[PDB]
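Neighbour counts are summed over all protein chains in view; Cβ atoms, including those assigned to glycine, are modelled from backbone coordinates with ideal geometry. All of the numbers you see were taken from the coordinates with simple rules; none came from a lab.
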There are 2 protein chains.
Amino acid sequence: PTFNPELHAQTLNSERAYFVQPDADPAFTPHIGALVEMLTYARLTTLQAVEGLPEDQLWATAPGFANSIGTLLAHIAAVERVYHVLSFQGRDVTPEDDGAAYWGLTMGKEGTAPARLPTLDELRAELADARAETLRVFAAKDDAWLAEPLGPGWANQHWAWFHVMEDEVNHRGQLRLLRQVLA
Amino acid sequence: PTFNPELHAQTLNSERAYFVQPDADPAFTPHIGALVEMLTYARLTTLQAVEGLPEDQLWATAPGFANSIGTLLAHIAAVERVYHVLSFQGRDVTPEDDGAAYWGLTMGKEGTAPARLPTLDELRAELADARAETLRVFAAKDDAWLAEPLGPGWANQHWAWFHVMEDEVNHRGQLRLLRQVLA
Ligand code: NI
Ligand code: NI
């Protein structure tokens, strides 16, 4: 099996979003399944935080908030893209080889900037596309894989994917405050 | 067995902090073990965020930041205390029965305020004390328990403890920005 969205939370407006069910979906082994639930919840809460945002506020900053909502959304997707390289391809990321991801990763300070800045819809599409790739690969792996060190070292697979989730939540806390300042 | 701190990350300055090892500690069943690792990592990162903070900044606010660092640290501990009630005792929390926790939970707006505000050391002691109680109880439970609905309903045990971790990380993102504004 592959990821079936109907077996996971699709909205925060349901009791499903408040259950972590590691065996919900036969596409995933148990620890991987638990990660999928957590990643799903983190993404639903990121999207709720920016839902309805006036588009003229997307790149706005404020005192104490050096990174705009758009910058943070680019960053969240880019961290996932970076971990596809570290976790799935097994190599370190560089600005040479991974320029777009590196730009997102570094809040636009390094790497390769896009030709024009993305719209909010494009940012959400890139978030979804990154996540689709994660879930594709997760369906191919098992919990023994999750215990392995990363190819480039210094962490294990379980931590790496936890970190993708945790960093999203970290920046979503920031997004909540910035939106409130701007709006 | 009960929680042995030597079997878990004790510092962010070690490769141990970047491994999630659900079977590290015989005190815990696998999904519970994974939560413990995640909760541990979240707490280490909260403490790093406030380490060395000048104490005169503890209750300071700034434009866009209605909740001070002290308020957020009180909140993080209080959410854990609230979940001890919901998860372990099996009842809803009220301002009548859980006044101190309710004050932390609500950023000081409801509930029962302390006689005087805590110092940074006291805030960290309360964080540690709350966590000790969590780990005590986790050693008594198994993964079947983690799948159960909460007694007061609306979530499962697995989600509840995930949420304690995730909300900490959310507010730690806020703490990072506030400290940078003040300092
Ligand atoms: Ni980040
Ligand atoms: Ni909170």
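Only one of these is away from ligand 1 (no atom under 16 Å from the Cβ), within 17 Å of the chain's Cα centre (by Cα) and farther than 18 Å from A:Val82 by Cβ: A:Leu120, A:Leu182, A:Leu175, A:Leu135. Name it. I'd like the intermediate steps shown before the answer.
Working: A:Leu182 fails: within 17 Å of the chain's Cα centre (by Cα); A:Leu175 fails: away from ligand 1 (no atom under 16 Å from the Cβ); A:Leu135 fails: farther than 18 Å from A:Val82 by Cβ.
Criteria check complete, one pass: A:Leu120.
Among the candidates A:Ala147, A:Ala113, A:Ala101, A:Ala155, single out the residue that is of a type in the set (A, V, I, L, M, F, W, C) and farther than 27 Å from B:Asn13 by Cα.
On the way: A:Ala147 fails: farther than 27 Å from B:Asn13 by Cα; A:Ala101 fails: farther than 27 Å from B:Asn13 by Cα; A:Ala155 fails: farther than 27 Å from B:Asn13 by Cα.
Exactly one residue qualifies, and that residue is A:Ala113.
Could you grab me the full set of residues in segment B:59-93 that are of a type in the set (A, V, I, L, M, F, W, C) and in a loop (DSSP other than H, G, I, E, B)? Steps first, answer last, please.
Of the residues in segment B:59-93, the ones of a type in the set (A, V, I, L, M, F, W, C) are B:59-60, B:62, B:65-66, B:69, B:72-74, B:76-79, B:82, B:85-86, B:88, B:93.
If the condition is that a residue be of a type in the set (A, V, I, L, M, F, W, C) and in a loop (DSSP other than H, G, I, E, B), then B:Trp59, B:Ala60, B:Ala66, B:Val93 are the ones that fit.
On the basis of being surrounded by fewer than 18 Cβ atoms within 10 Å (Cβ to Cβ) and outside any loop (DSSP other than H, G, I, E, B), does B:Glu96 make the cut? So B:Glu96 does not fit the description; no.
All conditions but one from (1) β-branched (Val, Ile, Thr); (2) under 12 Å from the mean Cα position of the chain (by Cα); (3) more than 11 Å from every other protein chain (Cβ to nearest Cβ) apply to B:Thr45; the one that does not is (3). Across segment B:49-67, the qualifying residues are those that are surrounded by 14 or more Cβ atoms within 10 Å (Cβ to Cβ) and more than 13 Å from chain A (Cβ to nearest Cβ), and the one among them that is farthest from the chain's Cα centre (by Cα) is B:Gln57. Checked against the criterion of being among the charged types (D, E, K, R) and not in a helix (DSSP H, G or I), segment B:22-30 contains one or more residues that satisfy it.
Close contacts from segment B:133-153, counting a first residue that is β-branched (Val, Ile, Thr) and a second that is surrounded by 14 or more Cβ atoms within 10 Å (Cβ to Cβ) and part of a helix (DSSP H, G or I), with Cβ to Cβ under 6 Å and a gap of 6+ residues or different chains, come to B:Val137/B:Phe88.
Only one of the listed residues (A:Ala42, A:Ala74, A:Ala78) is within 16 Å of ligand 2 (Cβ to nearest atom) and not β-branched (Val, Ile, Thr). That residue is A:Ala42. Find the residue count for segment A:1-26, including only residues that are of a type outside the set (S, T, N, Q) and within 19 Å of A:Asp143 (Cα to Cα). Count: 8.
Restricted to segment A:138-172, and to residues that are within 16 Å of ligand 1 (Cβ to nearest atom) and among the aromatic types (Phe, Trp, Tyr), which residue is nearest to B:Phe65 (Cα to Cα)? Let's see the steps before the verdict.
Quick first cut of segment A:138-172, residues within 16 Å of ligand 1 (Cβ to nearest atom) only: A:155, A:159-172.
When the remaining residues are screened for being among the aromatic types (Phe, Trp, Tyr), the result is A:159, A:161-162.
Values: A:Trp159: 31, A:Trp161: 30, A:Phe162: 27 Å.
Among those residues, the one meeting the criterion is A:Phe162.
If you go through segment B:1-16 one residue at a time, how many are buried (at least 20 other Cβ atoms within 10 Å of the Cβ) and within 11 Å of chain A (Cβ to nearest Cβ)? Qualifying residue count, segment B:1-16: 1.
Considering segment B:128-155 alone, what residues qualify as being within 11 Å of another protein chain (Cβ to nearest Cβ) and either basic (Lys, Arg) or surrounded by fewer than 21 Cβ atoms within 10 Å (Cβ to Cβ) (or both)?
Pass one, segment B:128-155, residues within 11 Å of another protein chain (Cβ to nearest Cβ): B:143, B:146-150, B:153-155.
If the condition is that a residue be within 11 Å of another protein chain (Cβ to nearest Cβ) and either basic (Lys, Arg) or surrounded by fewer than 21 Cβ atoms within 10 Å (Cβ to Cβ) (or both), then B:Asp143, B:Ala147, B:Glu148, B:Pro149, B:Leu150, B:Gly153, B:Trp154, B:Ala155 are the ones that fit.
Residue check, B:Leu120 against (1) aliphatic (A, V, I, L, M); (2) within 14 Å of chain A (Cβ to nearest Cβ); (3) in contact (Cβ under 8 Å) with a residue 60 or more places away in the chain, all met but one. Which one? Unmet for B:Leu120, out of (1) aliphatic (A, V, I, L, M); (2) within 14 Å of chain A (Cβ to nearest Cβ); (3) in contact (Cβ under 8 Å) with a residue 60 or more places away in the chain: (2). The residues of segment A:101-117 that are within 16 Å of ligand 1 (Cβ to nearest atom) and either on the phi > 0 side of the Ramachandran plot or without any contact (Cβ under 8 Å) to a residue 24 or more places away in the chain (or both), listed by number, are A:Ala101, A:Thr106, A:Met107, A:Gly108, A:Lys109, A:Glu110, A:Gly111.
Given the criteria surrounded by fewer than 16 Cβ atoms within 10 Å (Cβ to Cβ), within 16 Å of ligand 2 (Cβ to nearest atom) and part of a loop (DSSP other than H, G, I, E, B), does B:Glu110 qualify?
Values: surrounded by fewer than 16 Cβ atoms within 10 Å (Cβ to Cβ): yes; within 16 Å of ligand 2 (Cβ to nearest atom): yes; part of a loop (DSSP other than H, G, I, E, B): yes.
Against the criterion (surrounded by fewer than 16 Cβ atoms within 10 Å (Cβ to Cβ), within 16 Å of ligand 2 (Cβ to nearest atom) and part of a loop (DSSP other than H, G, I, E, B)), B:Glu110 qualifies.
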